[PDB]
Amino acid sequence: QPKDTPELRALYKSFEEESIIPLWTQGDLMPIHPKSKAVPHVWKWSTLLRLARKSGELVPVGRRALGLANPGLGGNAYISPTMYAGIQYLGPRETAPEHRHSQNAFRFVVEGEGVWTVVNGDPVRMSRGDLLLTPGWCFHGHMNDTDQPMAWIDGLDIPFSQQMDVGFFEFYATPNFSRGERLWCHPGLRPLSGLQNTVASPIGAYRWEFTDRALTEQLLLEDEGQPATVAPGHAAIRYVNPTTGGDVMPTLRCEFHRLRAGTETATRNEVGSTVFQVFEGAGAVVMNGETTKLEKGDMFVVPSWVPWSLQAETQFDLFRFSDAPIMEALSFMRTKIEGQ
């Protein structure tokens, strides 16, 4: 736009030299709505499974985590600009020692059992459908107490933490439930020893039973004409820090959704990214108007503001995570729902 003269050419040479970038050569710095580099994308469980198994064979140098890498993120191990999501495959009888990092993490168990993660010394047992938390700066290491492999998903705010410069890092009992649990998993009850609120949840594991039980009660209530479901046919719970009522960790939200056969959700645009895993059943997602059929274990990502919706063919169980707590804490969250 400026007259392209010698004097202007010399101004630009100076800019380059002095680490100045002018804004009138730039516009894309401030878009009309979010326009992620991350792309909607789906990973087929049967693929992730075979490559995780192969890894088990070829790499006893575990540790053995297959990071889902968004194709739009320039080769980084990021499923989105905020979140890492990986499949970790732990072999017969293997272990890891204790470390801590400021990054927040959860481990959601896909299939397997009889593995403990020891969180600040407290052994939390792991099982199909259990969500475990390793909040930032909690020592954690684990041990398989069985000849069997186990596969969980590993969800961290690694990409947020690497880009915002926030990372820090430092370096065999098998009880049936952890201390956290025995203390914190009684509904509406708070131990007088834990009257202090906490930034992350003290619940070590949100066991599948409770999740399943909750979702089913929401479906029964619909049948009985009671308010419960978020949308018709759509039962759903958010995993929460019980000291607070709020999200499990400062950076990550986790939920679980159960759709009744035939249910189709209304299209949402939400700010920030979310990942889903199909825990059980069959159905599809629509992202940017594109339908992708979905089987058990499949995972997919919905970057900021991508219009999305889900359809349950059978009864569709889906575990969910997002960076919504980052967007909400900073007043950046916005939501568009069809017909509202």
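Counting begins at 1, following the sequence as shown.
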Enter the number of deposited residues without atomic coordinates between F171 and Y172, binned as none, 1 to 3, 4 to 9, or 10 or more. 4 to 9
According to the deposited model, is the average Cα temperature factor higher in 11-19 or in 319-327? 11-19
Comparing 297-305 with 53-61, the one whose average Cα B-factor in the PDB entry is higher: 53-61
Per the PDB entry, maximal CA B factor within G246, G141, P191, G136: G141
Given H234, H186, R93, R238, the residue at which the Cα B factor reaches its maximum: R93
Would you please rank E113 by its C-alpha temperature factor against the other modelled residues of its chain and give the third it falls in: lowest, middle or highest? highest
Thinking about Cα B factors across the chain, which third does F210 belong to? middle
Once the chain's modelled residues are ordered by C-alpha B factor and cut into thirds, is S178 in the lowest, middle or highest one? highest
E98: CA B-factor among chain residues, third -> highest
Ranked against its chain, the third holding the CA B-factor of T291: middle
